[PDB]
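Asker: Here is my input; please provide its structure:
(one chain, ligands or ions: 1)
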Amino acid sequence: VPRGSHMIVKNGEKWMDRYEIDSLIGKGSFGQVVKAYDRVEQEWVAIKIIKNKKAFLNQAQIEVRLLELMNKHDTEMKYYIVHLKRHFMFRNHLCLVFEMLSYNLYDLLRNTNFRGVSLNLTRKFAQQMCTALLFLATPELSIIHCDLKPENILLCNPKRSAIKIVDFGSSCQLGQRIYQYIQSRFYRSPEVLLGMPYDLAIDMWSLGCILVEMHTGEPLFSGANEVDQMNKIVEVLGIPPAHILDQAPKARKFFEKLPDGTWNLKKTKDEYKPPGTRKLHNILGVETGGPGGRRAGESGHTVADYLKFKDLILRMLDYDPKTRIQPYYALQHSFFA
Ligand SMILES: Nc1nc2[nH]ccc2c(=O)[nH]1
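Answerer: Numbers count the residues shown, from 1 in each chain. What follows is the structure:
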């Protein structure tokens, strides 16, 4: 019995007279992902190999149950979610066989030297992500991904705009509270930072953050820790509404209630732009040629196009999860007309 939790996988070995192991795609907390040729089906697959560790086996069983639930649906909207072909035990590890995709949206931004992709390509990603979130919001699914980020959105083909969401390992269904901290910090909603109840609206928050980053090349809210994160959110969006902070278990981690009942930022131990003064209108360069002025004298980047993009993003970054724009209504926005 091996001492380590990982599977030993040798490039070029063949599993079960079927899978020809090519190479390592990625390592993660869960285990590893290997590129393999399925000689039976004559196609590339990505095999996600789960560590022999109880916590990761449990996350992976949730992942399998949620992906299989999604597969029973007929709608074309299910094809924005990575397809689980099958799963098996091999050398005492749970192995999930996925369709093979191309590189992730972070890799795409790196290939721009972090100058961002066009507003036209951003629009195509936005429309597909809003469709994927509408699918997850189907009542019988009610799935919260809980870890949307550029690294978890993959292109199907390196020369095309089609994308899929991957990695439902941290996912849950509406009403569940499983993990103490959720979402990647730069993409983490205010309700999660505040220790408030969370629903599918946390994934729309993440999507808003992602789409700005895809066009500017830089994360909207690049916090070094939860306090720095909330402070970067407040630079752009102002102090959250009182009706939210008055109910937030962790309001006093970031804010302080003054004698008159109004909320301000908490005093530091002893630097940010004043609340609401880092305007998204200027981050996007709506009137000034887009990010860094670089989109002036290119088509598809008009002031009208930028106002529609800014307006949709600010509806996705509503502090109030009850009023934040829902996928069904985001798809009807004039940005997609
Ligand atoms: N390239 C690639 N394809 C994949 N499909 C499913 C997961 C995954 C991945 O991590 N990389």
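
Asker: of all the residues in the stretch 1-150 of the chain, which ones are close to the ligand?
Answerer: 25, 26, 33, 46, 82, 98, 100, 101 (CB under 6 Å from any ligand atom). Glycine gets a C-beta too; all of them are placed from N, C-alpha and C.

Asker: Go again with 8 Å.
Answerer: Residues of the stretch 1-150 of the chain lying near the ligand by CB under 8 Å from any ligand atom: 25-26, 33, 35, 46, 48, 82, 98-104.

Asker: Just send these back as a markdown table, with secondary structure and neighbour count too.
Answerer: A markdown table is the format used below for these (DSSP: H, G, I helix; E, B strand; the rest coil; neighbours: other CB atoms under 10 Å):
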| residue | secondary structure | neighbour count |
| --- | --- | --- |
| 25 | strand | 16 |
| 26 | strand | 14 |
| 33 | strand | 19 |
| 35 | strand | 17 |
| 46 | strand | 20 |
| 48 | strand | 27 |
| 82 | coil | 22 |
| 98 | strand | 20 |
| 99 | strand | 16 |
| 100 | coil | 19 |
| 101 | coil | 21 |
| 102 | coil | 16 |
| 103 | coil | 13 |
| 104 | strand | 19 |
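
Asker: Contact partners for the residue most central in space within the chain?
Answerer: Residue closest to the mean C-alpha point of the chain, counted by CA atoms, centre = their mean, is residue 148 at 1.4 Å. By CB atoms under 8 Å, 6 or more residues apart in numbering, the contact list for residue 148 reads 129, 165, 183, 187, 203, 206, 207, 210.

Asker: And for residue 325?
Answerer: Residue 325 touches 204, 312, 315, 316, 318, 333, counting by CB under 8 Å, 6+ apart.

Asker: what's the spacing between it and the ligand?
Answerer: In this structure, residue 325 and the ligand are 29 Å apart, going by CB to the nearest ligand atom, to the nearest Å.

Asker: What is the burial count for residue 272?
Answerer: Counted with other CB atoms under 10 Å, the neighbours of residue 272 add up to 13.

Asker: what's the closest non-adjacent residue to it?
Answerer: residue 231 (5.0 Å; CB to CB, 6 or more residues apart in numbering).

Asker: So the one you found, which state does it fall into?
Answerer: Secondary structure state of residue 231, per DSSP: H, G, I helix; E, B strand; the rest coil, is helix.

Asker: what about the helices in the stretch 151-300 of the chain?
Answerer: With helices called from DSSP state H, counting those that start in this stretch, the stretch 151-300 of the chain shows them at 190-193, 201-216, 226-237, 242-245, 280-283.

Asker: For the very next helix or strand once past the last one, which outside residues touch it?
Answerer: It stands for helix 280-283. Proceeding N to C from helix 280-283, the next assigned helix or strand is helix 303-316, under DSSP states H and E. Helix 303-316 is contacted from outside by 119, 122-123, 126, 204-205, 207-208, 211-212, 215, 280-281, 284-287, 290, 324-325, 330, 333-335, using CB under 8 Å, 6+ apart.

Asker: For PyMOL, what selects the buried ones among the residues you listed?
Answerer: The PyMOL selection below is limited to those of the contacts of helix 303-316 classed as buried (16 or more other CB atoms under 10 Å):
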select buried, resi 119+122+123+126+204+205+207+208+211+212+215+280+284+285+286+290+324+325+330+333+335
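
Asker: Fine by me, we can end here.
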